[PDB]
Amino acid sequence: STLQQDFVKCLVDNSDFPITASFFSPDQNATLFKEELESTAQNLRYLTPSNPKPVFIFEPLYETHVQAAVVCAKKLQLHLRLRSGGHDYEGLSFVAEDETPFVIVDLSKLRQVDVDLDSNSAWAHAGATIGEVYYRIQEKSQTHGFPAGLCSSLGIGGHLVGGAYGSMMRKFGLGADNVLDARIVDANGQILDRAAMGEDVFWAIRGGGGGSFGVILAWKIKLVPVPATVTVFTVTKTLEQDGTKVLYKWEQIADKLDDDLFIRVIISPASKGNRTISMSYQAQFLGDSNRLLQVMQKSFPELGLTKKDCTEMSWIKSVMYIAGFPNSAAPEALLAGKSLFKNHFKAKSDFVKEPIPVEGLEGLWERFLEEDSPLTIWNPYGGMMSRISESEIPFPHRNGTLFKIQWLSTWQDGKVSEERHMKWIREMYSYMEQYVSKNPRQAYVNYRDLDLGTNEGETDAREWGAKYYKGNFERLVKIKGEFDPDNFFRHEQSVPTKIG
């Protein structure tokens, strides 16, 4: 009479299928269970043996199975963690702290995507990757797209609920700025659409972050116009090529460029056996290369972009280009729904309100050259992002935001070098405090960082709540208290039911 036998009995006692082959446990098959656990889990840091493991994993095949799983987990007082794409930076979708026992409900079998051009919209289920959504859209039309993530393997279920920015945010805003409806499962196992859940809950799931406001089954997204021809480029500058001053110029102008123009910077050490710092300016321009060169000559001639560097292509090709696909790959590669690689990593995030001066940058370089594999990605805001209020949706990082920084340290060897890398990024984060947003020091919720504080820990939730959501946190808490009073949907940094 095991926990899983009770779980299955509760499942089948629901009037809505075999299910055995949708279960994974150490007792069934330890080898299979491990592989299912690791399958979509992206951060290898959270797959080491030291990490708490779920008693079992359940992969529902229909929406009714998701309902039954909620009902049964609640009835057996079994802690639930939801997983769609598995990209959580802190492994929150497959690793739970001090909630023994816990179960993973993995939604990777619900990947239906239905595109309807006539209404300029689409329904995408939680287990679909954004790459799959992108592919299905372009399949119907070369002049439609969607402004969500840059990474192809991001799961819908955990992506859009955090806001979902990408290379088209300066023109169309966030993925969460472009949704119409959704279907969610509440704490009582009811399926609610926007009409049933009400406007407050629908607001909450447009930036509130995953794991807090019920199980998202599907989003109804609003398609956006993209041109038949999109231009991209990647221009690389090192410190020996006036790199620091060039980056400083980028800080001053990137958020002020034409709405069609998105130029992010990818920054990492590079071999010159010494190292230098290398900045890759990667761009997507919703227009032709002729117009682009004119835009660049006026506002960023320091980059030294030439026609030779520009490549014109379809929107879907540009998506794969930015995502770092080889030119040898085809759009159908997006259908595999697999990440390009995996490693152990620790990430943090920042928002910049005033340009980091060159001396601040040089101090950053000194630290980067002290680390094995540091990497930082800077993403320009402005454009449409400045024209939306901070309280429109829970995502608060709008006007005044020059750009968002993603801090990264990665490694291949797990617990061998983990401690060193963790300490390095925390030191660097502390160094940067003087240069980034203050009161609060803003952070992106889909870049989970437990260092900011947890519900259970001694850090008050208002402190880290203010970083992710700013002035929207209090309202999120109120909604959470009303929607899930028993705190069934919860994790280390879930929106609490109350404050105090």
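Position 1 is the first residue in the sequence shown; the rest follow in order.
Count the deposited residues lacking coordinates between residue 272 and residue 273 and you get 4 to 9 of them. The modelled chain breaks after residue 16 and resumes at residue 17, leaving 1 to 3 residues of the deposited sequence without coordinates.
Once the C-alpha B-factors are averaged per stretch, 304 to 312 and 417 to 425 rank with 304 to 312 first.
Taking the mean C-alpha B-factor of each stretch as recorded, 463 to 471 and 449 to 457 are not equal, and the higher mean is that of 449 to 457. Comparing C-alpha B-factors across 409, 379, 252, 77 in the deposited entry, the largest value falls on 77.
Sorting the modelled residues of the chain by their CA temperature factor places residue 102 in the highest third.
Ranked by C-alpha B-factor against the other modelled residues of its chain, residue 299 falls in the highest third. Among all modelled residues in its chain, residue 321 ranks in the middle third by Cα B-factor. The entry lists a Cα temperature factor for residue 444 that places it in the lowest third of the chain's modelled residues. When all modelled residues of the chain are sorted by CA temperature factor, residue 64 is found within the middle third.
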